[PDB]
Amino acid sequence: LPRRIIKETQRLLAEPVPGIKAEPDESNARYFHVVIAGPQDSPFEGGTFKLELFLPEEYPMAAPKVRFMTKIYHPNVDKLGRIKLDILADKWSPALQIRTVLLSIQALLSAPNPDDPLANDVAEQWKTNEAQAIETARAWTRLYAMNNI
């Protein structure tokens, strides 16, 4: 039970962030049940996206394991909800916390990057027909990312 995890968990419950919820599992304080609000002025606006976060044993020297549990139409997230984000891999910082990681993921929904894709189909559709991809994502947000709590 690294004390960092205790204090992080402590401040997430005490000092909450708008549009982000992260509660620990009573069975494993290293596993967090997360809900992310879709960023405004984004196809995902109005969505509530569920994510699983797990803290490996090397935390904070290694990034958390985070994957989407709700289905999402995004160039940088695949069918299993696995996320390709530098801060969760190569450009991780041990000064990042669960708070900033989740905000970072929220930023990614605001600023999709198709050029480097993880879901190649969605990425091409975003580039070939940006307007249709947006409409799809706005739909998927209503279908899968609403009434899901």
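Throughout, we count residues from 1 along the sequence that is shown.
Stretches 91-99 and 119-127 differ in mean CA B factor, with 119-127 having the higher one. On average the C-alpha atoms of 76-84 have higher B-factors than those of the other stretch, with 60-68 and 76-84 being the two compared. In the deposited entry, the Cα temperature factor of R4 sits in the bottom third of values across the chain's modelled residues. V17: CA B factor lies in the middle third for its chain, per the PDB record. Ranked within its chain, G38 lands in the lowest third, by CA B factor from the PDB record. Ranked by C-alpha B-factor against the other modelled residues of its chain, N113 falls in the highest third.
Per-chain ranking of the deposited C-alpha B factor places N28 in the middle third.
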